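Order of the sequence lines fixes the chain letters, A, B, ..., with proteins taken first and strands second; residue numbering starts at 1 for each chain. Heavy-atom basis, side chains included; hydrogens, waters and symmetry copies ignored.
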Number of protein chains: 2
Amino acid sequence: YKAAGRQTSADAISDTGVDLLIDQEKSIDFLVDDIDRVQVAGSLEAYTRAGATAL
Amino acid sequence: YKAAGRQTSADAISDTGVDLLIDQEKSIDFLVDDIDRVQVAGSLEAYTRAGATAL
C-alpha cells in the first residue's frame with residue numbers, strides 16, 4: 001500500500017477447477033451350462049459370488 | 001464394457017481340482033512267546049503300547 005502511494009483499487013476474483021469423470025464401465029458375463037448344472041457334484045452358486053468379488 | 005463399444009458376451013465357467021489318495025498302508029506284527037510271558041520279571045503289555053506308538 002505504501003509503494004502504491006497510498007492507493008488501492010479492487011481486483012477481479014478467479015477460480016481453479018478439476019473434473020471427476022464417471023468414465024469407467026466394467027462388466028462380468030458368464031454361462032452356467034444347464035447340462036453341467038445337472039452333472040456336477042454340488043451347487044454352482046459360488047461362481048456368482050466370485051463374479052461379485054471380481055468386480 | 002466401454003472399450004467393447006457397449007457390448008458384452010458371456011464366458012464359459014471353469015474349475016480347478018486336486019485328488020487325495022488313500023495310498024498308505026502300514027502295519028505292526030509281533031509274537032509274544034508264551035514261555036517268555038511267564039518266565040519274565042513282570043508284564044509285557046508295554047510291547048503293545050510301543051507298537052501303537054510306532055504307527
Worksheet entry | Under 4.5 Å side-chain linkage, directly or through intermediates, the cluster mates of B:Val38 | none

Item to complete: Mind checking salt bridge (charged side-chain N to carboxylate O under 4.0 Å, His left out) for A:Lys26 and listing every partner two or more places apart, or none if nothing turns up?
Response: none

Worksheet entry | Connected-component partners of B:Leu20 among ILVMFWY, side-chain separation under 4.5 Å | B:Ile22

Worksheet item: Please, which pairs that meet salt bridge (charged side-chain N to carboxylate O under 4.0 Å, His left out) have at least one residue in residues 1-13 of chain B, sequence neighbours excluded?
Response: A:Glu25-B:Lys2, A:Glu25-B:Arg6

Worksheet item: Please, which pairs that meet side chain to side chain donor-acceptor pair (under 3.5 Å) have at least one residue in residues 44-55 of chain A, sequence neighbours excluded?
Response: A:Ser43-A:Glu45

Acceptor/donor pairs from residues 28-35 of chain B side chains to any protein atom, 3.5 angstrom cut, sequence neighbours excluded:
{"unit_1": "B:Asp33", "atom_1": "OD1", "unit_2": "B:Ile35", "atom_2": "N", "d": "2.8"}
{"unit_1": "B:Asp33", "atom_1": "OD1", "unit_2": "B:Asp36", "atom_2": "N", "d": "3.2"}

Discussion item. Counting only heavy atoms from other residues, nucleotides and ligands, does the tally under 6.0 Å from CD1 of A:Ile13 exceed 12?
Written reply: no

Worksheet item: Does A:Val18 sit in a hydrophobic cluster with other residues, and if so which ones, taking ILVMFWY side chains as linked at heavy-atom separations under 4.5 Å, directly or through other members?
Response: none

